[PDB]
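Considered here are two forms of the same protein chain, supplied as structure tokens in two stand-alone entries, structure 1 and structure 2.
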Structure 1
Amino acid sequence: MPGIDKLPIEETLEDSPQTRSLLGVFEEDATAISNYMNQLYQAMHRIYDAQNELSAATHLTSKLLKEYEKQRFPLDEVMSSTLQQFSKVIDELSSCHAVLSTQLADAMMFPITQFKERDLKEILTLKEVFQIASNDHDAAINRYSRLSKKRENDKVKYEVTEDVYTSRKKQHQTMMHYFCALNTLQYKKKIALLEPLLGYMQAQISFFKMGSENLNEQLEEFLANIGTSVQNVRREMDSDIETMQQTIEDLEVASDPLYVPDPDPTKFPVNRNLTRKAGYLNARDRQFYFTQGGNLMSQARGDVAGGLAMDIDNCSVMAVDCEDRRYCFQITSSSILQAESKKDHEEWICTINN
């Protein structure tokens, strides 16, 4: 009170240029404050938005970990458990974020907003009302100031003068209410700057404490155990990778001579003593064929189970000459079957006979 800035409400009636000046300095100031406070309100609003999103996202991450188990994954309990622990602990965190989110809205956002939506709105409003009142009183005064000294009807002089009464009353009242609001803003200014910051910090103290109590040394050990498991999977993954690369390298060499339909007669002997034989054939479409308990089964690379094709070894088999296709054959006790090579063509007939 003692040193605070104040507009002289008792000089309202006079409405002297000086007084109007002083009023001007408060508006210039009230505009600056408005500029600054709006920048602070924007920054705090972002903090409130980031915290709200952070909470939501952290909650979703946790809900996602609980759904892991409830998946239709075509292709294990320990994993399930571990995700349950992470889920749990991540929940406790989103809550901390939720709580802080709620408090921030009520101790920080609400006050700073009220300052902006109500108090700063009030200043602008009362400034216009007063401005209109001031204007109306200018007109009334110029009309009164123009009354004829010679003639002028009484009903006129009377009304014109009354207009000066009502206009000057209205101007005097709106100016005092406007001054009162500006004087008050000097208090709200301080309050609106501190209350929010105060609310923010209290919520933070509360947030860091609630969070720290769930992060015990027990969790640190659980994270240590899991840390070790993952490092183990990493080792194993690499151990298996070498093995696989080695198998591959070894298979390309071993299989190279086996890629041509017609192998070296001298190095890859026709097998005539087989009781089981499988492989693709063409049937006048291409399908995979295989032997099993006296039956020649078939399965299109598309099928999911396959089926029966013909009976075996109690049937007759002979190389057939269908169309102009090499290596065909037909059995009976079947469509025309076409092998891929002499060797292949022979192995079938011979195995089926066996």
Structure 2
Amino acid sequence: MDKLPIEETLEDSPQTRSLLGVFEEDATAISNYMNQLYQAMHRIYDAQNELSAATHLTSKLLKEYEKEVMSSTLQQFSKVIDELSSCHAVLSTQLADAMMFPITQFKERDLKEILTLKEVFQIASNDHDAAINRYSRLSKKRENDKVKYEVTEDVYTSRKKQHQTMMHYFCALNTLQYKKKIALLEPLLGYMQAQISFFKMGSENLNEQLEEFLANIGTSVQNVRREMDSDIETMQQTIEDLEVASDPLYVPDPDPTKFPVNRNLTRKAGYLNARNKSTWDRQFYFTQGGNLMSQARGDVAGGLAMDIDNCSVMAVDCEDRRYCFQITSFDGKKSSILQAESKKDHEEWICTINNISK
């Protein structure tokens, strides 16, 4: 730590001005470095806050994303994530008070006061210059004591203020010589101690639950893994045997020797086309109890088509279409004309309806 000579502030030598200039240069360099340091520490601060924020946000997403296994796993995860977020938060606060505050007060109190006293001193100096110049310009042979006295004590005033301001400036800089050291060390010390508190907190609180969480999730992941290579394993060639067996069935109109007509069916279901004045709509027909029910594919529920428990049914020629048939209630009420895709389904539908009715 070096210092300015407050005792020659009165003389105001160019040497003293030079030394002051040296100190001013140093204070400028200090201001620059401390400003960039403030930038770095501020960046750290914003980063930490951003961490806590992101953690919290992820947690929140989880917590309205369960809104069997997976739900409890996700709330354990949400819980540990919130404790981590808490850690980042307390670290943020301790950073704010222990780190950001000291350097901020250094740049907003001490440096600003230095600049203030500096410019006050500059102004006082200029005023004294003016004053002593007007004093020098006084007339020798014709002297008016009034103007002479006014100029003289203007010189007195400006000179006194110059002395005082220069002295405050000097003392401020000399004190600054110590304050800069502390200004460098204290916020970093705070940063480090914040890191210590952070990692200790996390160390024996966050770490326990992270361990137990890892324990549970590991088991669950093992389970789902096993069960999923199981059911992928036999789904693959359940598919293979389904592909093997389905190959004769793709033919729309199977030949009678391949798939014979079953005349014993008490129940039947399949797609049929129904003429309703005059398009032909494909729907899924199925027998339930003594009723013939139908449901359009891509609708959520069926509907009553016919009451077949007492009726007749016959092959019908309509619109030159193949495999059409129609039902007639004992009432005389008739169904829509229904078209099958094959001779087998035609005769099976007719025969089945006959089996169900009287």
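Every residue number counts along structure 1's sequence, beginning with 1. For the two forms, the rigid core is made up of the largest set of C-alpha atoms that agree within 1.5 Å on superposition.
Shift analysis on the rigid core between the two structures singles out 252 from 252, 159, 128, 92 (C-alpha displacement of 2 Å or more). When the larger part is held fixed by C-alpha superposition, the smaller rigid part is turned by 13 degrees between the two structures. After superposition on the rigid core, the Cα atom of residue 211 is displaced by 1.0 Å between the two structures.
Relative to the superposed core, residue 222 has its Cα moved 3.7 Å between the two structures. Fit the two forms on the rigid core and the C-alpha of residue 238 turns out 7.3 Å off between the two structures.
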